[PDB]
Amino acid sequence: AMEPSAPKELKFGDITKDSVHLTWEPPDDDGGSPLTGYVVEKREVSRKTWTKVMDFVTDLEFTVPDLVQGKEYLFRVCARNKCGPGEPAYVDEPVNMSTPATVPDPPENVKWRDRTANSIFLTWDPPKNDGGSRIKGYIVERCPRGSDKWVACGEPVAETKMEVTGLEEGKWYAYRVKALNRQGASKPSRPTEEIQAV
């Protein structure tokens, strides 16, 4: 038996004032022996030595503390075996601490179809910029004609599609969508026009 190959899908995000969040996927080959953990190392782009942040990580994610806002950090993860750590996986580009994580951008071109006397089927596109955190679903609001007071239609939805139901026969409705990531919900999207029943 031998050492594992390198971890996969090494990404970062959730950049705060003094931390960054690393996320990865297991290696393709364990070496013939089950893995024991992961090694997480950092190295500021203007410094020459990798320093070990943590060892024997069992999760597929790690939050690195104690980062100095306005530096740039490299990161690499390896996988642990009965034989010791395997080859390292690197982040794609340095982590820059000045730009914190925020709320996601508004979703894109909202569309509608399948209108009934009671329901409408709405689709939309994911936003371009998630704000530095992965998107955790979407929120759909509807606003009746005789009002400007929006009401959430159901619960968050991970898909970029939702069938709105519970609509009153013959009434006029416009719909808008917000995306959500870790630090909350986007400024709402480009609203639709008012649509009735059939």
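Residues carry their position along the shown sequence, with the first being 1.
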Handout entry: Greater mean Cα temperature factor according to the PDB record, 158 to 166 or 23 to 31
Key = 158 to 166
Exercise for the section: Look over 176 to 184 and 14 to 22 in the entry and identify the one with the greater average Cα temperature factor. Expected result: 176 to 184
Problem - Out of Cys153, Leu67, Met54, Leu60, highest CA B-factor residue - result: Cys153
Problem - Residue selected from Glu108, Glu93, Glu72, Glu87 by maximal Cα B factor - result: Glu108
Fill in the blank from the handout: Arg80: CA B-factor among chain residues, third -> lowest
Practice task
Consider only the C-alpha atoms of the modelled residues in this chain, order them by B-factor as the entry records it, and name the third containing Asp130: lowest, middle or highest.
Solution key: middle
Problem - Within-chain third of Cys143 by Cα B-factor, per the entry - result: highest
Handout entry: Third of chain Cα B-factors occupied by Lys149
Key = highest
Fill in the blank from the handout: For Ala6, the third of its chain by CA B-factor is the lowest
